[PDB]
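Scroll down for the structure; my scribbles are underneath it.
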Amino acid sequence: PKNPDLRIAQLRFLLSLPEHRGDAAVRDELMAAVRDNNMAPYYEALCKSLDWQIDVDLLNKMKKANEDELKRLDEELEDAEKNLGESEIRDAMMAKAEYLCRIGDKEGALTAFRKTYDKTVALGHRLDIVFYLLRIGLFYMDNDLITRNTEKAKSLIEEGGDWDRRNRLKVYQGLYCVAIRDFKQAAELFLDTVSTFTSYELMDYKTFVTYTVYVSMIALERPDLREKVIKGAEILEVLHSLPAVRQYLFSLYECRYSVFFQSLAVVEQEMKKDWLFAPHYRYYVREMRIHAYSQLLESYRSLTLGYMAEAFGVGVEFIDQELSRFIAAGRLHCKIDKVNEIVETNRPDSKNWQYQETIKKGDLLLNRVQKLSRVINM
Amino acid sequence: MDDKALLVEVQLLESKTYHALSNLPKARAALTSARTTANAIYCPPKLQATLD
Amino acid sequence: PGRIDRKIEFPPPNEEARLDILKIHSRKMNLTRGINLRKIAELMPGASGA
Amino acid sequence: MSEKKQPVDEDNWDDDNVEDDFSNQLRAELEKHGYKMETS
């Protein structure tokens, strides 16, 4: 019901927001929409797509049939069979809401989940409902439900059962990549890549590898990046399947900068086909372009930007304008030059670095005991 | 099933291909499972050097 | 029996008892799934428990 | 504690440092930034 469901939410994005992209999503969504009995959400989706077609009343009586066919099941059940809790009334009425998650909208499904949550006593059935809330909050990217039940999954449930939490570890950092947290929390608990089968709880494997390799080279530059992703072998199997992703890795690590841009050009354009995509693309590339500059200015202290004209790409004035924007950004600690045409660097010493940190933290605690001394003594 | 002698080779052939995919700890794992199986056969007469 | 009045034996445990001690020490351990602890205690005809 | 000085009174969630840095520099970053090479 919900288990192959997330590809639909990809094609909801891909058809809609790139308005030029209206060719191939509708070709394999509408035939999937007449399948799977998908009836409630697609009305607005049919408005943004091609206007109308009469299959609506066809499956309306068919969604009313399987609504009524199992409604008459569990009302006769609760009127004849007298067990409660996790009884036959339970799994019939969760089959109603899982009929709603596959077919209907979220609202009937979530109130039936809250209807059936307080009827449970076992934590395993509770957590499987919280699996459903987290997935339907990931369908419609609603940031209110997902913040709540993850705390319910941590505190109220998973002091009990075990290794149905790694299924939600992949969901904790599914939240972090759809957020702007593309930096450390995503790449830290993506790093346990030992979860293989493309299940509901492991929504895909090969694209999960591409997700954890894109986010990985921002968490760390060389505090042993190469052991966890390059000397890592189980990661090295499936990036041996994908040649372009592996080339994107080894160009950066083995310092091939000219082919690194051609790899990074494909990545940003391939990133465009994603539904957790909005935080990435304007922020991801500019963070990596300044990432490649910083290690390249390392090992030199008298660089010439004419050497950037062929070892690096081309465009003498292009390197000139992009360094100028990044030095003025407060990053990229070097000093660009005109007619000498020598990119001199300036990096602080130990003492010139330590003196700056102590004067920042010094004035912070000084201001902190300014205000505290005024709260006391009237 | 019941046979034992054919299993030593196909465990050993997977240790080639897990190393061919450059998965070093898994290929060490599959080789050791081939070692403990290999010690109960009439002849590994040529399969010994293949394993070696 | 003027001095010691209760003399208590300690036989090696049964299959249900070997099942239970296995449940005690695998508590902090991290089991995978699909695992049958009963057949493991069936494999020990006369274990100690230590 | 009023002062009687009142009388009048990731979409953009953490973007404004990156947004104050770059805003509109052909954000696709490919059609010129990667397409220098036909000019050289």
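Chain labels follow the order of the structure tokens: the first chain is A, the next B, and so on; residue numbering restarts at 1 in every chain, and ligands are counted from 1 in their shown order.
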
Can you tell me which residues surround residue 16 of chain A at a distance of at most 8 Å, considering only C-alpha atoms, apart from same-chain residues fewer than 4 positions away, and format the answer as a PyMOL selection string? chain A and resi 12+21-22+48-49

Report as a PyMOL selection string all protein, DNA and RNA residues lying within 9 Å of residue 37 of chain D, evaluated on only C-alpha atoms, omitting residues in the same chain fewer than 3 positions from it. (chain A and resi 313-315) or (chain D and resi 34+40)

Output file for the selection above: N, CA, C and O atoms, as a CSV table (one decimal), in the first residue's frame:
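The resulting file, again.csv, is reproduced below:
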```csv
chain,number,residue,atom,x,y,z
A,313,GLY,N,40.8,24.1,-15.8
A,313,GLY,CA,39.8,24.6,-16.6
A,313,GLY,C,40.4,25.7,-17.5
A,313,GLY,O,41.5,25.6,-17.8
A,314,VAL,N,39.6,26.7,-17.8
A,314,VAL,CA,40.0,27.9,-18.6
A,314,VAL,C,39.4,29.1,-18.0
A,314,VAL,O,38.9,29.1,-16.8
A,315,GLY,N,39.6,30.2,-18.6
A,315,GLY,CA,38.9,31.4,-18.1
A,315,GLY,C,39.7,32.2,-17.1
A,315,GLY,O,39.3,32.1,-15.9
D,34,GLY,N,30.3,26.5,-16.6
D,34,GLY,CA,30.9,25.3,-17.1
D,34,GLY,C,31.2,25.4,-18.5
D,34,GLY,O,32.0,24.6,-19.1
D,40,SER,N,37.4,29.4,-25.0
D,40,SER,CA,38.8,29.3,-25.0
D,40,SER,C,39.3,28.3,-26.2
D,40,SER,O,40.4,28.4,-26.6
```

Within 12 Å of segment 17-19 of chain B, counting only C-alpha atoms, which residues qualify if same-chain residues fewer than 5 places away don't, as a PyMOL selection string? (chain A and resi 233-234+236-238) or (chain B and resi 10-12+24-31)

Could you take the residues named above and write them with C-alpha atoms, as a PDB file, in the first residue's frame?
```pdb
ATOM      1  CA  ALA A 233      34.708  -1.757   0.588  1.00  0.00           C
ATOM      2  CA  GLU A 234      30.959  -2.342   0.848  1.00  0.00           C
ATOM      3  CA  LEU A 236      33.092   0.444  -3.148  1.00  0.00           C
ATOM      4  CA  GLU A 237      31.020  -2.389  -4.636  1.00  0.00           C
ATOM      5  CA  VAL A 238      28.118  -0.296  -5.839  1.00  0.00           C
TER       6      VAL A 238
ATOM      7  CA  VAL B  10      31.288 -22.638  -5.540  1.00  0.00           C
ATOM      8  CA  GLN B  11      32.138 -21.090  -2.187  1.00  0.00           C
ATOM      9  CA  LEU B  12      35.628 -20.576  -3.591  1.00  0.00           C
ATOM     10  CA  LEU B  24      37.789  -7.393   1.026  1.00  0.00           C
ATOM     11  CA  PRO B  25      36.182  -8.300   4.417  1.00  0.00           C
ATOM     12  CA  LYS B  26      33.377 -10.281   2.788  1.00  0.00           C
ATOM     13  CA  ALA B  27      35.817 -12.218   0.593  1.00  0.00           C
ATOM     14  CA  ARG B  28      37.838 -13.063   3.704  1.00  0.00           C
ATOM     15  CA  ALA B  29      34.574 -14.253   5.250  1.00  0.00           C
ATOM     16  CA  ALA B  30      33.567 -16.406   2.289  1.00  0.00           C
ATOM     17  CA  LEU B  31      37.046 -17.922   2.022  1.00  0.00           C
TER      18      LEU B  31
END
```

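Any residue of chain A with an atom within 7 Å of chain D counts; using only C-alpha atoms, that gives residues 179, 180, 265, 278, 279, 282, 314, 315 and 329 of chain A.
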
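The alpha helix (DSSP H) portion of chain D consists of residues 16, 17, 18, 19, 20 and 21 of chain D, with states taken from DSSP on the backbone.
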
Using N, CA and C atoms, can you write the selected residues to a file as an mmCIF file, in the first residue's frame?
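Here's the written file part.cif:
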```
data_model
loop_
_atom_site.group_PDB
_atom_site.id
_atom_site.type_symbol
_atom_site.label_atom_id
_atom_site.label_comp_id
_atom_site.auth_asym_id
_atom_site.auth_seq_id
_atom_site.Cartn_x
_atom_site.Cartn_y
_atom_site.Cartn_z
ATOM 1 N N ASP D 16 19.960 33.089 4.481
ATOM 2 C CA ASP D 16 20.203 34.512 4.250
ATOM 3 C C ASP D 16 21.687 34.858 4.290
ATOM 4 N N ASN D 17 22.524 33.996 4.867
ATOM 5 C CA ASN D 17 23.962 34.196 4.727
ATOM 6 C C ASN D 17 24.413 33.831 3.320
ATOM 7 N N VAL D 18 23.941 32.687 2.820
ATOM 8 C CA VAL D 18 24.200 32.284 1.444
ATOM 9 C C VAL D 18 23.483 33.220 0.475
ATOM 10 N N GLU D 19 22.321 33.737 0.875
ATOM 11 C CA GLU D 19 21.572 34.632 0.001
ATOM 12 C C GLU D 19 22.210 36.015 -0.054
ATOM 13 N N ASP D 20 22.719 36.518 1.080
ATOM 14 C CA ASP D 20 23.478 37.767 1.043
ATOM 15 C C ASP D 20 24.787 37.611 0.290
ATOM 16 N N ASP D 21 25.289 36.385 0.144
ATOM 17 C CA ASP D 21 26.517 36.200 -0.622
ATOM 18 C C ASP D 21 26.215 36.232 -2.120
#
```

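Distances to residue 201 of chain A were evaluated for A:151, A:128, A:69, A:158 using only C-alpha atoms, and the minimum falls at A:128.
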
Compile the contact shell of residue 194 of chain A as a VMD selection string: residues with an atom at most 12 Å away, counting only C-alpha atoms, same-chain residues fewer than 2 positions apart removed. chain A and resid 166 to 167 169 to 170 189 to 192 196 to 197 202 205 208 to 209 232 to 235

Which residues of chain A sit at most 12 Å from chain C, using only C-alpha atoms? Give each one's shortest atom pair and distance in Å (one decimal place), in chain and ascending residue order, as a tab-separated table.
```
residue	atom	partner	partner_atom	distance
A:159	CA	C:28	CA	12.0
A:160	CA	C:27	CA	10.8
A:161	CA	C:30	CA	10.2
A:162	CA	C:30	CA	7.5
A:163	CA	C:32	CA	7.0
A:164	CA	C:33	CA	9.7
A:165	CA	C:32	CA	11.9
A:166	CA	C:32	CA	11.5
```

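Between atom CA of residue 20 of chain C and atom CA of residue 42 of chain C there is a distance of 12.5 Å.
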
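Going from atom CA of residue 121 of chain A over to atom CA of residue 86 of chain A, you cover 7.6 Å.
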
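Interface residues on chain B toward chain A (cut-off 7 Å, only C-alpha atoms): residues 21, 22, 23 and 24 of chain B.
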
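Picture a line from atom CA of residue 130 of chain A to atom CA of residue 149 of chain A; it runs 6.5 Å.
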
Near residue 46 of chain C, within 10 Å and counting only C-alpha atoms, which residues show up once chain neighbours fewer than 5 positions away are dropped, as a PDB file with N, CA, C and O atoms, in the first residue's frame?
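What ended up in selection_10.pdb:
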```
ATOM      1  N   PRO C  11      20.980 -29.502  40.181  1.00  0.00           N
ATOM      2  CA  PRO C  11      21.191 -30.293  38.974  1.00  0.00           C
ATOM      3  C   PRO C  11      21.462 -29.399  37.778  1.00  0.00           C
ATOM      4  O   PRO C  11      21.216 -28.185  37.836  1.00  0.00           O
ATOM      5  N   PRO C  12      22.006 -29.952  36.691  1.00  0.00           N
ATOM      6  CA  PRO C  12      22.114 -29.179  35.461  1.00  0.00           C
ATOM      7  C   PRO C  12      20.738 -28.883  34.895  1.00  0.00           C
ATOM      8  O   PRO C  12      19.810 -29.699  35.026  1.00  0.00           O
ATOM      9  N   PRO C  13      20.556 -27.729  34.261  1.00  0.00           N
ATOM     10  CA  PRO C  13      19.206 -27.235  33.981  1.00  0.00           C
ATOM     11  C   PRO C  13      18.517 -28.002  32.862  1.00  0.00           C
ATOM     12  O   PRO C  13      19.114 -28.804  32.146  1.00  0.00           O
ATOM     13  N   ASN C  14      17.221 -27.742  32.733  1.00  0.00           N
ATOM     14  CA  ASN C  14      16.395 -28.370  31.717  1.00  0.00           C
ATOM     15  C   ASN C  14      16.364 -27.503  30.465  1.00  0.00           C
ATOM     16  O   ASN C  14      16.945 -26.417  30.421  1.00  0.00           O
ATOM     17  N   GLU C  15      15.655 -27.983  29.440  1.00  0.00           N
ATOM     18  CA  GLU C  15      15.595 -27.279  28.166  1.00  0.00           C
ATOM     19  C   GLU C  15      14.858 -25.958  28.300  1.00  0.00           C
ATOM     20  O   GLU C  15      15.259 -24.952  27.701  1.00  0.00           O
ATOM     21  N   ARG C  18      17.393 -23.887  30.266  1.00  0.00           N
ATOM     22  CA  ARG C  18      18.452 -23.425  29.373  1.00  0.00           C
ATOM     23  C   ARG C  18      17.931 -22.362  28.425  1.00  0.00           C
ATOM     24  O   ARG C  18      18.686 -21.489  27.982  1.00  0.00           O
ATOM     25  N   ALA C  41      18.940 -24.321  22.724  1.00  0.00           N
ATOM     26  CA  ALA C  41      18.939 -25.072  23.970  1.00  0.00           C
ATOM     27  C   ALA C  41      18.685 -26.550  23.729  1.00  0.00           C
ATOM     28  O   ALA C  41      19.065 -27.385  24.557  1.00  0.00           O
TER      29      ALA C  41
END
```

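Neighbouring residues of residue 42 of chain B at 12 Å or closer, counting only C-alpha atoms and skipping chain neighbours under 5 positions away, are residues 4, 5, 47 and 48 of chain B.
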
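Minimum atom-to-atom distances from A:15, A:133, A:360, A:44 to residue 27 of chain A were compared using only C-alpha atoms, and the lowest value belongs to A:15.
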
May I have the residues within 12 Å of residue 338 of chain A as a list in words, using only C-alpha atoms and disregarding those fewer than 2 positions away in the same chain? residues 304, 305, 306, 316, 317, 320, 321, 324, 335, 336, 340, 341, 342, 343 and 344 of chain A

Dump of N, CA and C atoms for the selected residues, as an mmCIF file, in the first residue's frame:
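Written out: selection.cif:
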```cif
data_model
loop_
_atom_site.group_PDB
_atom_site.id
_atom_site.type_symbol
_atom_site.label_atom_id
_atom_site.label_comp_id
_atom_site.auth_asym_id
_atom_site.auth_seq_id
_atom_site.Cartn_x
_atom_site.Cartn_y
_atom_site.Cartn_z
ATOM 1 N N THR A 304 49.993 31.518 -9.253
ATOM 2 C CA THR A 304 49.604 32.441 -10.305
ATOM 3 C C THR A 304 48.316 31.966 -10.960
ATOM 4 N N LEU A 305 47.397 32.898 -11.190
ATOM 5 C CA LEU A 305 46.109 32.515 -11.745
ATOM 6 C C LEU A 305 46.180 32.200 -13.231
ATOM 7 N N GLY A 306 47.315 32.465 -13.877
ATOM 8 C CA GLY A 306 47.571 31.879 -15.175
ATOM 9 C C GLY A 306 47.760 30.380 -15.122
ATOM 10 N N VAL A 316 40.759 32.873 -17.497
ATOM 11 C CA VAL A 316 41.566 33.736 -16.627
ATOM 12 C C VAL A 316 40.698 34.714 -15.839
ATOM 13 N N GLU A 317 39.796 35.414 -16.528
ATOM 14 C CA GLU A 317 38.910 36.344 -15.839
ATOM 15 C C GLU A 317 37.837 35.630 -15.029
ATOM 16 N N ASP A 320 39.353 34.876 -11.720
ATOM 17 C CA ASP A 320 39.526 36.179 -11.086
ATOM 18 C C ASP A 320 38.238 36.679 -10.445
ATOM 19 N N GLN A 321 37.111 36.543 -11.142
ATOM 20 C CA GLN A 321 35.874 37.057 -10.570
ATOM 21 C C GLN A 321 35.329 36.141 -9.486
ATOM 22 N N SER A 324 37.248 36.622 -6.260
ATOM 23 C CA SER A 324 36.937 37.933 -5.703
ATOM 24 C C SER A 324 35.618 37.908 -4.946
ATOM 25 N N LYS A 335 44.626 36.112 -0.855
ATOM 26 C CA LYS A 335 44.613 37.487 -1.363
ATOM 27 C C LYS A 335 44.895 37.519 -2.859
ATOM 28 N N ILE A 336 43.855 37.777 -3.648
ATOM 29 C CA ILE A 336 43.986 37.849 -5.097
ATOM 30 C C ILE A 336 44.696 39.145 -5.486
ATOM 31 N N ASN A 340 50.623 42.094 -11.135
ATOM 32 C CA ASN A 340 51.599 41.046 -10.847
ATOM 33 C C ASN A 340 51.049 39.675 -11.208
ATOM 34 N N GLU A 341 49.731 39.494 -11.051
ATOM 35 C CA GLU A 341 48.984 38.284 -11.400
ATOM 36 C C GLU A 341 49.519 37.086 -10.605
ATOM 37 N N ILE A 342 49.542 37.267 -9.287
ATOM 38 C CA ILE A 342 50.081 36.292 -8.345
ATOM 39 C C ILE A 342 49.061 36.133 -7.230
ATOM 40 N N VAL A 343 48.431 34.966 -7.147
ATOM 41 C CA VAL A 343 47.457 34.757 -6.084
ATOM 42 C C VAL A 343 48.232 34.408 -4.822
ATOM 43 N N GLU A 344 48.583 35.432 -4.057
ATOM 44 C CA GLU A 344 49.241 35.233 -2.781
ATOM 45 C C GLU A 344 48.221 34.775 -1.751
#
```
